[PDB]
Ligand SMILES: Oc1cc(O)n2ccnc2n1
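First comes one chain, alone, set out as structure tokens in the form deposited without the ligand.
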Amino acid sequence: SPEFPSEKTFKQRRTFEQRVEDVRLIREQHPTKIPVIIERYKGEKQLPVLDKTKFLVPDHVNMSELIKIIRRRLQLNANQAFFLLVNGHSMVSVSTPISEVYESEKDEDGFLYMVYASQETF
């Protein structure tokens, strides 16, 4: 509805220059944390909004563990599907530690971006 404001993403809220410097600050103060931005897919109609956007994830945590953490934050029940996507592909099947996902998939600004949805392609 045009009466209600559109959802604005992290990259629309913070400029690239600010994001680049945020990550430099984060990396300096927390070298063992991965800076992750987790957002709901723009067209999502079945899953609620997350109470935070930026997560400093310990670098040993794997993707299966992170998925459980987000499902819990969203208070999902077991009959609700949830997919976590990085750069256009699903992280749902894997046990890769997030440290490795960061090196493979991080944005130019230094953040690792993830999108969640109730479907795997859209």
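Throughout, we count residues from 1 along the sequence that is shown. Here the rigid core means the biggest group of C-alpha atoms that line up within 1.5 Å when the two forms are laid on top of each other. Shifts are known only where both forms have a C-alpha.
Keep in mind the form solved in complex with the ligand is missing from the figure; the text below concerns it.
- Site accessibility, blocked: after C-alpha superposition of the site, the ligand as positioned in the bound PDB entry shows three or more atoms within 2.4 Å of the backbone or C-beta atoms of the displayed chain.
- In the bound PDB entry, no heavy atom of residue 41 sits within 4.5 Å of the ligand.
- Residue contact check for residue 90: one or more of its heavy atoms lie within 4.5 Å of the ligand in the bound PDB entry.
- Residues of 63-95 that come within 4.5 Å of the ligand in the bound PDB entry, judged by any heavy atom, are 67, 82, 83, 84, 85, 90, 91, 94 in sequence order.
- Just one residue from the list 61, 92, 69, 76 crosses the 2 Å line for C-alpha shift between this form and the one not shown on a rigid core fit, and it is 92.
- The distance between the CA atoms of residue 92 and residue 73 is at least 3 Å longer in the bound PDB entry than in the form shown here.
- A change of 3 Å or more separates the two forms for residue 96 and residue 93: their C-alpha atoms lie closer together in the bound PDB entry.
- Displacement of the C-alpha atoms by 2 Å or more across three or more consecutive residues between this form and the one not shown, following core superposition, is confined to the single run 87-93.
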